[PDB]
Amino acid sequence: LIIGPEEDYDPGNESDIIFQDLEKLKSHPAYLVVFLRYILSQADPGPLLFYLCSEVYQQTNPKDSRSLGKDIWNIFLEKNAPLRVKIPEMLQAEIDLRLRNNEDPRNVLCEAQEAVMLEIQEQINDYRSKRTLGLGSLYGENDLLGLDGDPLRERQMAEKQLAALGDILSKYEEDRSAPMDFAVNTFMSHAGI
């Protein structure tokens, strides 16, 4: 072993499990907002925002989502897309066709979401290390300190947290912050926030 010259050091829970999995991170809006603050501040927002919007489209009726499918396309997949995400060329093309015939894109779209998962997981992993460095509070983790596992309890905190994202969303250009805001709220609202 070997003793230390400073024995009064205290390292200072299971929020760890929630941050490592996207499925449950999506079910815990308060935690999702923390991660979004991370992404928006340190990384490429496209992948996650695209994934989240594509999620909403999946859980919506084929007759009530054409406009959302157009927004998703123009914001993330289109050539001049402000938040362009990179997905396999075959995938890009097939989603392009389906929409140009008003078919059911959800299937290839789901494949596009899966392809973006790789980068998202890397970002999820990058954030876990920020947590290990003890820099969690840098992205709002302090707003989680005092959260019992209650669905309604958390949704309230999702607001206020989300109501304060404009702070980061401002450091962006109007042409990038606008679509981001669209995407962010598109998923949050579908999460009852």
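Counting begins at 1, following the sequence as shown.
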For the stretch from residue 12 to residue 13, please bin the deposited residues that the model skips: none, 1 to 3, 4 to 9, or 10 or more. 1 to 3
Going by the entry, of stretches 88-96 and 102-110 the one with greater average Cα B-factor is 102-110
Do the C-alpha atoms of 115-123 or of 71-79 have the higher average B factor in the entry? 71-79
Could you check 140, 134, 166, 46 and tell me which one carries the biggest Cα B-factor in the deposited entry? 166
Determine which member of 63, 28, 37, 128 has the highest CA B-factor, using the values in the deposited entry. 63
Using the B-factors in the PDB entry, rank residue 152's C-alpha atom against the chain and give the third, lowest, middle or highest. highest
Third of chain Cα B-factors occupied by residue 145: highest
Relative to the other modelled residues in the chain, which third contains the C-alpha temperature factor of residue 191: lowest, middle or highest? highest
Taking the entry's C-alpha B-factors for this chain, is residue 56 in the lowest, middle or highest third? middle
